[PDB]
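Undergrad: The structure file model_0.cif (mmCIF, C-alpha atoms and all ligand atoms) is provided below.
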data_coords
#
loop_
_atom_site.group_PDB
_atom_site.id
_atom_site.type_symbol
_atom_site.label_atom_id
_atom_site.label_comp_id
_atom_site.auth_asym_id
_atom_site.auth_seq_id
_atom_site.Cartn_x
_atom_site.Cartn_y
_atom_site.Cartn_z
ATOM 1 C CA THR A 1 127.861 -97.865 -74.867
ATOM 2 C CA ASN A 2 125.525 -100.333 -76.535
ATOM 3 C CA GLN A 3 128.108 -100.841 -79.287
ATOM 4 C CA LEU A 4 131.030 -101.481 -76.934
ATOM 5 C CA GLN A 5 128.881 -103.980 -75.043
ATOM 6 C CA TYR A 6 128.091 -105.700 -78.347
ATOM 7 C CA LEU A 7 131.792 -105.877 -79.294
ATOM 8 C CA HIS A 8 132.490 -107.355 -75.875
ATOM 9 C CA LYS A 9 129.712 -109.897 -75.465
ATOM 10 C CA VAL A 10 128.897 -110.835 -79.093
ATOM 11 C CA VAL A 11 131.961 -110.175 -81.289
ATOM 12 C CA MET A 12 134.816 -110.861 -78.856
ATOM 13 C CA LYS A 13 133.092 -113.900 -77.314
ATOM 14 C CA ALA A 14 132.654 -115.547 -80.721
ATOM 15 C CA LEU A 15 136.247 -114.856 -81.721
ATOM 16 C CA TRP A 16 137.777 -115.811 -78.371
ATOM 17 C CA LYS A 17 136.414 -119.388 -78.331
ATOM 18 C CA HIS A 18 137.243 -120.049 -81.997
ATOM 19 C CA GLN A 19 139.578 -122.983 -82.652
ATOM 20 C CA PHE A 20 141.939 -120.664 -84.565
ATOM 21 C CA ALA A 21 141.970 -118.023 -81.792
ATOM 22 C CA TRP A 22 144.696 -119.338 -79.476
ATOM 23 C CA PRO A 23 147.649 -117.425 -81.066
ATOM 24 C CA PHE A 24 145.743 -114.169 -80.660
ATOM 25 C CA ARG A 25 144.504 -114.373 -77.055
ATOM 26 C CA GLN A 26 147.688 -112.867 -75.604
ATOM 27 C CA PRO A 27 150.489 -110.609 -76.847
ATOM 28 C CA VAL A 28 153.130 -111.996 -79.174
ATOM 29 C CA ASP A 29 155.978 -113.057 -76.863
ATOM 30 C CA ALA A 30 158.895 -112.448 -79.211
ATOM 31 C CA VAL A 31 161.400 -113.914 -76.742
ATOM 32 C CA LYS A 32 159.484 -117.127 -75.987
ATOM 33 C CA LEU A 33 158.643 -117.512 -79.690
ATOM 34 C CA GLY A 34 162.166 -116.603 -80.836
ATOM 35 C CA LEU A 35 161.459 -113.629 -83.131
ATOM 36 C CA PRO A 36 164.139 -110.965 -82.575
ATOM 37 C CA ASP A 37 162.795 -108.873 -85.451
ATOM 38 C CA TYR A 38 159.120 -108.916 -84.458
ATOM 39 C CA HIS A 39 159.195 -105.592 -82.605
ATOM 40 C CA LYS A 40 161.418 -104.008 -85.252
ATOM 41 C CA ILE A 41 158.699 -104.669 -87.834
ATOM 42 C CA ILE A 42 155.521 -104.507 -85.736
ATOM 43 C CA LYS A 43 155.515 -101.185 -83.873
ATOM 44 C CA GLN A 44 151.914 -101.375 -82.537
ATOM 45 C CA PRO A 45 151.430 -104.880 -81.117
ATOM 46 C CA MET A 46 147.814 -105.812 -80.412
ATOM 47 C CA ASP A 47 145.978 -108.948 -79.274
ATOM 48 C CA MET A 48 142.535 -109.980 -78.086
ATOM 49 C CA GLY A 49 143.539 -110.257 -74.418
ATOM 50 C CA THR A 50 144.529 -106.596 -74.515
ATOM 51 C CA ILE A 51 141.289 -105.631 -76.312
ATOM 52 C CA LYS A 52 139.195 -107.732 -73.925
ATOM 53 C CA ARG A 53 140.841 -106.120 -70.891
ATOM 54 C CA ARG A 54 140.291 -102.682 -72.432
ATOM 55 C CA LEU A 55 136.626 -103.546 -73.007
ATOM 56 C CA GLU A 56 136.254 -104.516 -69.336
ATOM 57 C CA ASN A 57 138.156 -101.527 -67.886
ATOM 58 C CA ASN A 58 136.201 -98.919 -69.907
ATOM 59 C CA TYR A 59 139.242 -97.952 -71.958
ATOM 60 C CA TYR A 60 137.331 -97.279 -75.170
ATOM 61 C CA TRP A 61 135.475 -94.068 -75.866
ATOM 62 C CA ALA A 62 133.826 -95.345 -79.073
ATOM 63 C CA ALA A 63 133.174 -98.588 -80.935
ATOM 64 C CA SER A 64 135.413 -97.658 -83.903
ATOM 65 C CA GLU A 65 138.343 -97.316 -81.523
ATOM 66 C CA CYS A 66 137.916 -100.932 -80.411
ATOM 67 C CA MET A 67 137.398 -102.049 -84.019
ATOM 68 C CA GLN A 68 140.671 -100.329 -84.939
ATOM 69 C CA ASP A 69 142.462 -102.431 -82.301
ATOM 70 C CA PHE A 70 140.991 -105.602 -83.847
ATOM 71 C CA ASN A 71 142.188 -104.423 -87.261
ATOM 72 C CA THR A 72 145.698 -103.651 -86.015
ATOM 73 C CA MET A 73 145.974 -107.186 -84.590
ATOM 74 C CA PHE A 74 144.998 -108.834 -87.880
ATOM 75 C CA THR A 75 147.065 -106.400 -89.975
ATOM 76 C CA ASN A 76 150.155 -107.033 -87.806
ATOM 77 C CA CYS A 77 149.773 -110.722 -88.593
ATOM 78 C CA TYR A 78 149.543 -110.168 -92.354
ATOM 79 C CA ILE A 79 152.466 -107.736 -92.385
ATOM 80 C CA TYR A 80 154.961 -109.753 -90.311
ATOM 81 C CA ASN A 81 154.299 -113.374 -91.368
ATOM 82 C CA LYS A 82 155.054 -115.028 -94.703
ATOM 83 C CA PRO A 83 152.015 -115.413 -96.996
ATOM 84 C CA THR A 84 152.199 -119.204 -96.648
ATOM 85 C CA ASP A 85 152.209 -119.342 -92.832
ATOM 86 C CA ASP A 86 149.163 -121.076 -91.336
ATOM 87 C CA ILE A 87 148.698 -118.163 -88.929
ATOM 88 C CA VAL A 88 147.712 -115.987 -91.916
ATOM 89 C CA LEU A 89 144.847 -118.350 -92.769
ATOM 90 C CA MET A 90 143.834 -118.313 -89.099
ATOM 91 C CA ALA A 91 143.755 -114.498 -88.938
ATOM 92 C CA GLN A 92 141.745 -114.338 -92.191
ATOM 93 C CA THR A 93 139.192 -116.812 -90.843
ATOM 94 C CA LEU A 94 138.836 -114.809 -87.621
ATOM 95 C CA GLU A 95 138.825 -111.464 -89.425
ATOM 96 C CA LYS A 96 135.899 -112.586 -91.602
ATOM 97 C CA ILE A 97 133.882 -113.488 -88.497
ATOM 98 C CA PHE A 98 134.757 -110.078 -87.030
ATOM 99 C CA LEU A 99 133.401 -108.289 -90.111
ATOM 100 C CA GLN A 100 130.278 -110.478 -90.208
ATOM 101 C CA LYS A 101 129.474 -109.728 -86.565
ATOM 102 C CA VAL A 102 130.347 -106.030 -86.888
ATOM 103 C CA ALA A 103 127.805 -105.688 -89.705
ATOM 104 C CA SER A 104 125.033 -106.419 -87.177
ATOM 105 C CA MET A 105 126.223 -103.986 -84.495
ATOM 106 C CA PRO A 106 123.705 -101.314 -83.349
ATOM 107 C CA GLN A 107 124.124 -98.258 -85.551
ATOM 108 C CA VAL B 1 118.520 -102.307 -102.233
ATOM 109 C CA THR B 2 119.326 -102.739 -98.557
ATOM 110 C CA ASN B 3 119.901 -99.723 -96.327
ATOM 111 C CA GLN B 4 123.295 -101.334 -95.515
ATOM 112 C CA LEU B 5 124.294 -101.652 -99.140
ATOM 113 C CA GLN B 6 123.087 -98.114 -99.794
ATOM 114 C CA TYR B 7 125.218 -96.966 -96.879
ATOM 115 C CA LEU B 8 128.251 -98.835 -98.239
ATOM 116 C CA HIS B 9 127.757 -97.187 -101.632
ATOM 117 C CA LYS B 10 126.824 -93.634 -100.665
ATOM 118 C CA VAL B 11 129.061 -93.270 -97.591
ATOM 119 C CA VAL B 12 131.913 -95.789 -97.636
ATOM 120 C CA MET B 13 132.653 -96.092 -101.371
ATOM 121 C CA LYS B 14 132.022 -92.380 -101.850
ATOM 122 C CA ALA B 15 134.637 -91.517 -99.226
ATOM 123 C CA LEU B 16 137.264 -94.083 -100.233
ATOM 124 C CA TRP B 17 137.007 -93.703 -104.020
ATOM 125 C CA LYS B 18 137.824 -89.975 -104.019
ATOM 126 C CA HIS B 19 140.499 -90.303 -101.324
ATOM 127 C CA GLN B 20 143.956 -89.018 -102.275
ATOM 128 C CA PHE B 21 145.484 -92.432 -101.436
ATOM 129 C CA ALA B 22 142.894 -94.329 -103.447
ATOM 130 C CA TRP B 23 144.516 -94.329 -106.888
ATOM 131 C CA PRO B 24 146.588 -97.583 -106.525
ATOM 132 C CA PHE B 25 143.359 -99.407 -105.586
ATOM 133 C CA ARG B 26 140.938 -98.040 -108.197
ATOM 134 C CA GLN B 27 141.661 -100.834 -110.731
ATOM 135 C CA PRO B 28 142.981 -104.407 -110.493
ATOM 136 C CA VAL B 29 146.671 -104.825 -109.792
ATOM 137 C CA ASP B 30 148.305 -104.977 -113.230
ATOM 138 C CA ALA B 31 151.228 -107.305 -112.600
ATOM 139 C CA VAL B 32 152.711 -106.729 -116.065
ATOM 140 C CA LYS B 33 152.512 -102.924 -115.832
ATOM 141 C CA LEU B 34 153.904 -102.994 -112.271
ATOM 142 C CA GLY B 35 156.626 -105.581 -112.935
ATOM 143 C CA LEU B 36 155.334 -108.062 -110.336
ATOM 144 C CA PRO B 37 155.694 -111.550 -111.875
ATOM 145 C CA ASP B 38 154.981 -113.278 -108.538
ATOM 146 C CA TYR B 39 151.843 -111.274 -107.701
ATOM 147 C CA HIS B 40 149.263 -113.793 -108.894
ATOM 148 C CA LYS B 41 151.274 -116.639 -107.355
ATOM 149 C CA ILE B 42 150.896 -115.061 -103.907
ATOM 150 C CA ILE B 43 147.518 -113.292 -104.205
ATOM 151 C CA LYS B 44 144.901 -115.789 -105.360
ATOM 152 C CA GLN B 45 141.810 -113.540 -104.945
ATOM 153 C CA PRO B 46 142.652 -110.093 -106.353
ATOM 154 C CA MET B 47 140.237 -107.324 -105.462
ATOM 155 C CA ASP B 48 140.080 -103.593 -106.133
ATOM 156 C CA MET B 49 137.737 -100.676 -105.554
ATOM 157 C CA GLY B 50 136.697 -100.468 -109.224
ATOM 158 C CA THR B 51 135.306 -103.993 -108.990
ATOM 159 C CA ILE B 52 133.547 -103.211 -105.695
ATOM 160 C CA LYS B 53 132.177 -99.939 -107.127
ATOM 161 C CA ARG B 54 130.783 -101.704 -110.191
ATOM 162 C CA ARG B 55 129.299 -104.486 -108.049
ATOM 163 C CA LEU B 56 127.517 -101.914 -105.853
ATOM 164 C CA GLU B 57 126.302 -100.067 -108.954
ATOM 165 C CA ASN B 58 124.877 -103.307 -110.440
ATOM 166 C CA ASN B 59 123.360 -104.701 -107.212
ATOM 167 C CA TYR B 60 125.723 -107.671 -107.357
ATOM 168 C CA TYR B 61 125.802 -108.068 -103.575
ATOM 169 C CA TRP B 62 123.134 -109.935 -101.634
ATOM 170 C CA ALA B 63 124.309 -108.789 -98.190
ATOM 171 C CA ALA B 64 126.398 -105.940 -96.809
ATOM 172 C CA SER B 65 128.859 -108.361 -95.208
ATOM 173 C CA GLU B 66 129.781 -109.643 -98.646
ATOM 174 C CA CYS B 67 130.676 -106.150 -99.884
ATOM 175 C CA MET B 68 132.611 -105.741 -96.651
ATOM 176 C CA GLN B 69 134.549 -108.949 -97.322
ATOM 177 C CA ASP B 70 135.606 -107.614 -100.746
ATOM 178 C CA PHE B 71 136.965 -104.436 -99.135
ATOM 179 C CA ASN B 72 138.747 -106.590 -96.583
ATOM 180 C CA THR B 73 140.274 -108.867 -99.219
ATOM 181 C CA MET B 74 141.554 -105.838 -101.114
ATOM 182 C CA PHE B 75 143.330 -104.434 -98.050
ATOM 183 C CA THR B 76 144.541 -107.835 -96.868
ATOM 184 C CA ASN B 77 146.043 -108.656 -100.298
ATOM 185 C CA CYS B 78 148.168 -105.534 -99.937
ATOM 186 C CA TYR B 79 149.394 -106.365 -96.416
ATOM 187 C CA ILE B 80 150.220 -109.947 -97.419
ATOM 188 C CA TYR B 81 151.947 -109.241 -100.701
ATOM 189 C CA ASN B 82 153.861 -106.017 -100.055
ATOM 190 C CA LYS B 83 156.928 -105.525 -97.886
ATOM 191 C CA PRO B 84 156.183 -103.942 -94.477
ATOM 192 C CA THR B 85 158.043 -100.749 -95.478
ATOM 193 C CA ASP B 86 156.231 -100.213 -98.795
ATOM 194 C CA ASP B 87 154.341 -96.907 -98.860
ATOM 195 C CA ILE B 88 151.307 -98.718 -100.325
ATOM 196 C CA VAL B 89 150.873 -100.461 -96.949
ATOM 197 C CA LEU B 90 150.516 -97.059 -95.250
ATOM 198 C CA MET B 91 148.007 -95.971 -97.894
ATOM 199 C CA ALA B 92 145.956 -99.146 -97.470
ATOM 200 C CA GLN B 93 146.014 -98.687 -93.684
ATOM 201 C CA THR B 94 144.779 -95.105 -94.013
ATOM 202 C CA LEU B 95 141.934 -96.192 -96.282
ATOM 203 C CA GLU B 96 141.027 -99.191 -94.141
ATOM 204 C CA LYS B 97 140.750 -96.998 -91.031
ATOM 205 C CA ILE B 98 138.185 -94.840 -92.831
ATOM 206 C CA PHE B 99 136.426 -98.040 -93.935
ATOM 207 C CA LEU B 100 136.200 -99.297 -90.352
ATOM 208 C CA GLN B 101 135.227 -95.883 -88.977
ATOM 209 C CA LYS B 102 132.315 -95.651 -91.416
ATOM 210 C CA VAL B 103 131.292 -99.288 -91.018
ATOM 211 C CA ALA B 104 130.901 -98.665 -87.269
ATOM 212 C CA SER B 105 127.948 -96.364 -88.154
ATOM 213 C CA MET B 106 126.325 -98.628 -90.738
ATOM 214 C CA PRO B 107 122.625 -99.332 -90.314
ATOM 215 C CA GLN B 108 121.802 -102.746 -88.872
ATOM 216 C CA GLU B 109 119.492 -105.182 -90.796
HETATM 217 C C1 LIG A 201 150.377 -113.361 -83.878
HETATM 218 N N1 LIG A 201 151.550 -114.240 -83.928
HETATM 219 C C2 LIG A 201 151.545 -115.373 -83.090
HETATM 220 O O1 LIG A 201 150.661 -115.533 -82.251
HETATM 221 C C3 LIG A 201 152.686 -116.207 -83.300
HETATM 222 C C4 LIG A 201 153.699 -115.874 -84.151
HETATM 223 N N2 LIG A 201 154.673 -116.826 -84.174
HETATM 224 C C5 LIG A 201 154.228 -117.755 -83.353
HETATM 225 N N3 LIG A 201 153.018 -117.453 -82.807
HETATM 226 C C6 LIG A 201 152.207 -118.358 -81.987
HETATM 227 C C7 LIG A 201 151.761 -119.593 -82.754
HETATM 228 O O2 LIG A 201 152.872 -120.410 -83.070
HETATM 229 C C8 LIG A 201 152.526 -121.098 -84.274
HETATM 230 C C9 LIG A 201 151.642 -120.144 -85.004
HETATM 231 O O3 LIG A 201 151.180 -119.220 -83.999
HETATM 232 N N4 LIG A 201 153.656 -114.732 -84.912
HETATM 233 C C10 LIG A 201 154.760 -114.360 -85.797
HETATM 234 C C11 LIG A 201 152.552 -113.900 -84.842
HETATM 235 O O4 LIG A 201 152.423 -112.957 -85.603
HETATM 236 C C1 LIG A 202 149.210 -92.816 -111.364
HETATM 237 N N1 LIG A 202 149.125 -91.786 -110.324
HETATM 238 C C2 LIG A 202 147.879 -91.150 -110.146
HETATM 239 O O1 LIG A 202 146.906 -91.477 -110.823
HETATM 240 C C3 LIG A 202 147.915 -90.155 -109.113
HETATM 241 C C4 LIG A 202 149.044 -89.881 -108.385
HETATM 242 N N2 LIG A 202 148.827 -88.897 -107.468
HETATM 243 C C5 LIG A 202 147.564 -88.563 -107.655
HETATM 244 N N3 LIG A 202 146.956 -89.282 -108.639
HETATM 245 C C6 LIG A 202 145.581 -89.085 -109.108
HETATM 246 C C7 LIG A 202 144.506 -89.522 -108.126
HETATM 247 O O2 LIG A 202 143.251 -89.399 -108.764
HETATM 248 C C8 LIG A 202 142.797 -88.080 -108.472
HETATM 249 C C9 LIG A 202 143.281 -87.843 -107.101
HETATM 250 O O3 LIG A 202 144.461 -88.650 -106.995
HETATM 251 N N4 LIG A 202 150.231 -90.541 -108.616
HETATM 252 C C10 LIG A 202 151.447 -90.225 -107.862
HETATM 253 C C11 LIG A 202 150.295 -91.523 -109.603
HETATM 254 O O4 LIG A 202 151.329 -92.133 -109.825
HETATM 255 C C1 LIG A 203 147.941 -102.863 -105.101
HETATM 256 N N1 LIG A 203 149.349 -102.689 -105.473
HETATM 257 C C2 LIG A 203 149.682 -101.555 -106.232
HETATM 258 O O1 LIG A 203 148.810 -100.928 -106.834
HETATM 259 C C3 LIG A 203 151.089 -101.349 -106.321
HETATM 260 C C4 LIG A 203 151.991 -102.254 -105.847
HETATM 261 N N2 LIG A 203 153.275 -101.811 -105.986
HETATM 262 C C5 LIG A 203 153.140 -100.617 -106.523
HETATM 263 N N3 LIG A 203 151.843 -100.277 -106.741
HETATM 264 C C6 LIG A 203 151.382 -98.978 -107.257
HETATM 265 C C7 LIG A 203 151.882 -97.800 -106.439
HETATM 266 O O2 LIG A 203 153.282 -97.639 -106.545
HETATM 267 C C8 LIG A 203 153.678 -96.924 -105.361
HETATM 268 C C9 LIG A 203 152.539 -97.111 -104.392
HETATM 269 O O3 LIG A 203 151.630 -97.996 -105.068
HETATM 270 N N4 LIG A 203 151.594 -103.403 -105.216
HETATM 271 C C10 LIG A 203 152.547 -104.468 -104.930
HETATM 272 C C11 LIG A 203 150.245 -103.616 -104.953
HETATM 273 O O4 LIG A 203 149.867 -104.525 -104.219
#
Let me see the file written as structure tokens.
Ligand SMILES: Cn1c(=O)c2c(ncn2CC2OCCO2)n(C)c1=O
Ligand SMILES: Cn1c(=O)c2c(ncn2CC2OCCO2)n(C)c1=O
Ligand SMILES: Cn1c(=O)c2c(ncn2CC2OCCO2)n(C)c1=O
TA:
Amino acid sequence: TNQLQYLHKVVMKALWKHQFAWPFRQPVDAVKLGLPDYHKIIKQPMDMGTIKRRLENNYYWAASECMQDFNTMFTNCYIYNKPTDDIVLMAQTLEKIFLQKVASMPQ
Amino acid sequence: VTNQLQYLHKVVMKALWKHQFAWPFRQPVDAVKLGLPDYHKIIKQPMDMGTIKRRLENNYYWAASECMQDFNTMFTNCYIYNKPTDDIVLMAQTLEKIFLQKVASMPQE
């Protein structure tokens, strides 16, 4: 769809290259990051590499479905991490760009 | 009086305000009433649907994206402050899904 193309080539491209994006480009590796409780707390992991791959393999039936994946990724971050962790500020910065770009998506 | 802001008022706020999970979000978090002495230490930008509703009613917003940020702040405050297992997190998630679903069909411009 026009909307899924926009999420791929306008929204995702802006977020992917952002200087705060690196923690979010691939799944949380709880073993390599040493977080034995991550998957006990976060039951729907999500990340931009997964969303990007889904955008390219025609996984999504509708724009809102892809937007929900973006939301899950950010929400996971807020739920798991402490309020003072830098990664929370990074998610918020990226999430605001997401919402800005989504506001200009074809209707 | 943008089409976008009209959409956010007549479609998004209409749906969320009357939602059965909306009541904890209809007014600012009252930290005294709720017994949350650390709330304003952790949440530095409180937001609630009553504030957003009033702002839409008084044409406070210059752009749709700024109303959208207020909604986002209100949900994010909840995810950041509350424990993962708090029921309020589930209620916020349910409301935010509706918010995103509707925002996907918002007019451009
Ligand atoms: C999304 N996400 C990460 O990407 C992450 C992380 N813990 C480490 N990382 C990677 C990076 O190390 C310093 C800050 O982010 N957690 C708990 C998380 O939620
Ligand atoms: C304080 N308070 C409510 O105000 C409430 C509620 N359950 C429903 N409401 C009312 C709300 O407005 C109309 C539709 O839902 N509970 C459990 C509650 O504690
Ligand atoms: C926004 N907000 C609330 O309104 C709230 C609350 N803790 C309780 N409440 C009220 C209600 O009790 C059961 C479900 O929510 N917290 C920490 C919060 O962030």
Undergrad: Considering all atoms listed in the file, give me a table of residues in chain B that are at most 10 Å from chain A, with the closest atom pair and distance in Å for each, as CSV.
TA:
residue,atom,partner,partner_atom,distance
B:4,CA,A:103,CA,8.5
B:42,CA,A:83,CA,7.0
B:43,CA,A:83,CA,8.8
B:63,CA,A:103,CA,9.7
B:64,CA,A:103,CA,7.2
B:65,CA,A:100,CA,5.6
B:66,CA,A:100,CA,8.5
B:68,CA,A:99,CA,7.1
B:69,CA,A:96,CA,6.9
B:72,CA,A:96,CA,8.3
B:73,CA,A:92,CA,9.0
B:75,CA,A:75,CA,9.1
B:76,CA,A:78,CA,7.1
B:77,CA,A:78,CA,8.8
B:78,CA,A:79,CA,9.0
B:79,CA,A:79,CA,5.3
B:80,CA,A:78,CA,5.1
B:81,CA,A:83,CA,7.2
B:82,CA,A:79,CA,8.0
B:83,CA,A:79,CA,7.4
B:84,CA,A:79,CA,5.7
B:85,CA,A:41,CA,8.6
B:89,CA,A:79,CA,8.7
B:93,CA,A:75,CA,8.6
B:96,CA,A:71,CA,8.7
B:97,CA,A:68,CA,6.9
B:98,CA,A:64,CA,9.8
B:100,CA,A:64,CA,6.7
B:101,CA,A:64,CA,5.4
B:102,CA,A:64,CA,8.4
B:103,CA,A:103,CA,7.4
B:104,CA,A:64,CA,5.7
B:105,CA,A:107,CA,5.0
B:106,CA,A:107,CA,5.6
B:107,CA,A:107,CA,5.1
B:108,CA,A:104,CA,5.2
B:109,CA,A:104,CA,6.7
Undergrad: With all atoms listed in the file counted and 8 Å as the cut-off, give the residues of chain B in contact with ligand LIG 202 (chain A), each with its shortest interatomic distance in Å and the pair that gives it, as a tab-separated table.
TA:
residue	atom	partner	partner_atom	distance
B:18	CA	A:LIG202	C9	6.6
B:19	CA	A:LIG202	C9	6.9
B:20	CA	A:LIG202	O3	4.8
B:21	CA	A:LIG202	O3	6.8
B:22	CA	A:LIG202	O3	6.9
B:23	CA	A:LIG202	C7	5.0
B:24	CA	A:LIG202	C1	7.3
Undergrad: Expanded to explicit residues, what is the PyMOL selection byres (((chain A and resi 46) around 7) and not hetatm) for this file, as a list in words?
TA: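 Going through the file, the PyMOL selection byres (((chain A and resi 46) around 7) and not hetatm) ends up selecting residues 27, 44, 45, 47, 50, 69, 72 and 73 of chain A.
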Undergrad: Atom CA of residue B:9 and atom CA of residue A:14, how far apart in Å?
TA: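 Computing the Euclidean distance for atom CA of residue A:14 and atom CA of residue B:9 yields 28.3 Å.
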Undergrad: Using all atoms listed in the file, I'd like a table of the residues in chain A that come within 6 Å of ligand LIG 201 (chain A); for each, show the closest atom pair and its distance in Å rounded to one decimal, ordered by chain and ascending number, as JSON lines.
TA:
{"residue": "A:23", "atom": "CA", "partner": "A:LIG201", "partner_atom": "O1", "distance": 3.7}
{"residue": "A:24", "atom": "CA", "partner": "A:LIG201", "partner_atom": "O1", "distance": 5.3}
{"residue": "A:28", "atom": "CA", "partner": "A:LIG201", "partner_atom": "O1", "distance": 5.3}
{"residue": "A:33", "atom": "CA", "partner": "A:LIG201", "partner_atom": "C5", "distance": 5.7}
{"residue": "A:77", "atom": "CA", "partner": "A:LIG201", "partner_atom": "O4", "distance": 4.6}
{"residue": "A:81", "atom": "CA", "partner": "A:LIG201", "partner_atom": "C10", "distance": 5.7}
{"residue": "A:87", "atom": "CA", "partner": "A:LIG201", "partner_atom": "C9", "distance": 5.3}
Undergrad: Stretch 54-58 of chain A: which residues within 9 Å, counting only C-alpha atoms, same-chain residues fewer than 4 positions away excluded, as a PDB file with C-alpha atoms, in the coordinates of the input?
TA:
ATOM      1  CA  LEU A   4     131.030-101.481 -76.934  1.00  0.00           C
ATOM      2  CA  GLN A   5     128.881-103.980 -75.043  1.00  0.00           C
ATOM      3  CA  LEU A   7     131.792-105.877 -79.294  1.00  0.00           C
ATOM      4  CA  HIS A   8     132.490-107.355 -75.875  1.00  0.00           C
ATOM      5  CA  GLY A  49     143.539-110.257 -74.418  1.00  0.00           C
ATOM      6  CA  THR A  50     144.529-106.596 -74.515  1.00  0.00           C
ATOM      7  CA  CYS A  66     137.916-100.932 -80.411  1.00  0.00           C
TER       8      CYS A  66
END
Undergrad: Which value, in Å to one decimal, gives the distance between atom CA of residue B:34 and atom CA of residue B:70?
TA: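 Calculated distance between atom CA of residue B:34 and atom CA of residue B:70 is 22.1 Å.
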Undergrad: With the file shown as input, list the residues that the PyMOL selection byres (((chain A and resi 20) around 10) and not hetatm) selects, as a list in words.
TA: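 So the PyMOL selection byres (((chain A and resi 20) around 10) and not hetatm) ends up selecting residues 15, 16, 17, 18, 19, 21, 22, 23, 24, 86, 87, 89, 90, 91, 92, 93 and 94 of chain A.
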Undergrad: Identify which of the residues B:74, B:5, B:90, B:56 lies closest to residue B:29, counting all atoms listed in the file when measuring atom-to-atom distances.
TA: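 That would be B:74, the residue with the smallest distance to residue B:29.
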Undergrad: What gap, in Å, lies between atom CA of residue B:13 and atom CA of residue B:25?
TA: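 A separation of 12.0 Å between them.
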Undergrad: To test the calculation: enclose all listed atoms of ligand LIG 203 (chain A) in a box whose edges run along x, y and z, add 6 Å on each side, then state centre and edge lengths in Å to one decimal, as JSON.
TA:
{"center_x": 150.8, "center_y": -100.7, "center_z": -105.7, "size_x": 17.7, "size_y": 19.6, "size_z": 15.0}
Undergrad: Provide stretch 53-65 of chain B rebuilt to N, CA and C atoms, formatted as a compact mmCIF listing (two decimals), in the frame of the given file.
TA:
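The result, stored in result.txt:
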# COMPACT_ATOMS: atom_id res chain seq x y z
N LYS B 53 133.05 -101.03 -106.69
CA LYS B 53 132.18 -99.94 -107.13
C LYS B 53 131.18 -100.42 -108.17
N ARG B 54 131.67 -101.15 -109.18
CA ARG B 54 130.78 -101.70 -110.19
C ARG B 54 129.76 -102.65 -109.57
N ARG B 55 130.21 -103.53 -108.67
CA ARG B 55 129.30 -104.49 -108.05
C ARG B 55 128.19 -103.79 -107.26
N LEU B 56 128.53 -102.70 -106.55
CA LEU B 56 127.52 -101.91 -105.85
C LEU B 56 126.58 -101.23 -106.84
N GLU B 57 127.12 -100.74 -107.95
CA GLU B 57 126.30 -100.07 -108.95
C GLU B 57 125.33 -101.03 -109.63
N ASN B 58 125.69 -102.31 -109.75
CA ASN B 58 124.88 -103.31 -110.44
C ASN B 58 124.13 -104.23 -109.49
N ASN B 59 124.05 -103.88 -108.21
CA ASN B 59 123.36 -104.70 -107.21
C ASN B 59 123.80 -106.16 -107.31
N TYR B 60 125.12 -106.34 -107.35
CA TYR B 60 125.72 -107.67 -107.36
C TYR B 60 125.61 -108.33 -105.99
N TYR B 61 125.71 -107.53 -104.93
CA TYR B 61 125.80 -108.07 -103.58
C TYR B 61 124.43 -108.42 -103.02
N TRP B 62 124.36 -109.56 -102.33
CA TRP B 62 123.13 -109.94 -101.63
C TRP B 62 123.10 -109.42 -100.20
N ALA B 63 124.25 -109.28 -99.56
CA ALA B 63 124.31 -108.79 -98.19
C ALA B 63 125.47 -107.83 -98.04
N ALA B 64 125.34 -106.90 -97.09
CA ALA B 64 126.40 -105.94 -96.81
C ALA B 64 127.71 -106.63 -96.48
N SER B 65 127.65 -107.68 -95.65
CA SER B 65 128.86 -108.36 -95.21
C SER B 65 129.67 -108.88 -96.38
